[PDB]
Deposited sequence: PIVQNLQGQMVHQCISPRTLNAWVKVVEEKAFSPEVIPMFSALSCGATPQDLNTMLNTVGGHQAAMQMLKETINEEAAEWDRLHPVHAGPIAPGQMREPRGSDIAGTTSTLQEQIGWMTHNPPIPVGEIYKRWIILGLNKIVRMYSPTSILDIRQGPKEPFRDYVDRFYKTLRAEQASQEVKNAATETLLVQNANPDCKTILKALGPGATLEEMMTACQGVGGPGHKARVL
């Protein structure tokens, strides 16, 4: 990554490398993996971002879909930012330079520490997160329409499943509740908070 000592390059740590590998192994593409990726890739160069992605052993269907999203975003960058070099001067980054495939670590450091900075690490992380959100959505197992409260299921456990599913996918909470809780929630009226609904069906 690039961090303050002045902004300088540091090697990606074994702790960071191990943390990302283990979260993907344990959680796959559950929605909470994306905030973890963003946090573990704080200050990351494009090289560091590729390192994190390439160290993942499984899920190569997802990793191939991520490449497609990256190539789509890279092509859109080139359309908006065409490139035209002067000896010892900074070249303009194309899409593949931002993605780390045609740029060196020194060029990436040169862009990220410039004044004003050309934040190639943050631009590329945005493309990666965009691709990761699409993977989270596709690998979401259930529709919100099929999350309904069981006859003896606690309302809290049902609401956990409801908003877990909604997070992966992205009135109905009351409609999908069981007969006993639904009748209570209808009686509360409009403008009921989640807290009040959960207290009522407790």
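_Checking coverage: what stretches of the deposited chain sequence are missing C-alpha positions?_
Seq positions lacking coordinates: 6-8, 88-90, 177-187, 220-231.
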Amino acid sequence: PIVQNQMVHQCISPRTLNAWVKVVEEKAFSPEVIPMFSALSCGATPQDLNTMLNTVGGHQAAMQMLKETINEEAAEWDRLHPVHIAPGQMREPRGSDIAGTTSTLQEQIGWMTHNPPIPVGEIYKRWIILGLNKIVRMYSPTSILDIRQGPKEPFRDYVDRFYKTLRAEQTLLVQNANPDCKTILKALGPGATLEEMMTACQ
From here on, numbers count along this sequence of modelled residues.
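Heads up, when I say rigid core I mean the largest set of C-alphas that superpose within 1.5 Å between the two forms.
_Root mean square C-alpha distance from this form after a core fit in 6 other deposited structures of this protein: higher for 6-14 or for 19-27?_
Relative to the shown form, the greater RMS C-alpha distance in 6 other deposited structures of this protein belongs to 6-14.
*asked:* What about residue 88, left without coordinates in a third or more of the other entries of this protein that model its neighbours?
replied: Yes.
_Quick check: 174-182 versus 189-197, which has the larger average CA B-factor in the record?_
Looking at the recorded C-alpha B-factors, 189-197 comes out higher on average.
_Segment of higher mean CA temperature factor, 52-60 or 131-139_ = It is 131-139 that shows the higher mean C-alpha B-factor.
*By its CA B factor, does residue 112 count among the lowest, middle or highest third of the modelled residues in the chain?*
For residue 112, the deposited C-alpha B-factor lands in the middle third.
*Could you look up the Cα B-factor of residue 167 in the entry and say which third of the chain it sits in: lowest, middle or highest?*
Ranked within chain, residue 167 CA B lands in the lowest tercile.
*What third of its chain's C-alpha B-factors does residue 105 belong to: lowest, middle or highest?*
Middle third, going by the recorded CA B-factors of the chain.
*What third of its chain, lowest, middle or highest, does the C-alpha temperature factor of residue 26 fall into?*
Highest third.
*asked:* Using only modelled residues of the chain, where does the Cα B factor of residue 10 rank: lowest third, middle third or highest third?
replied: Its C-alpha B-factor belongs to the highest third of this chain's values.
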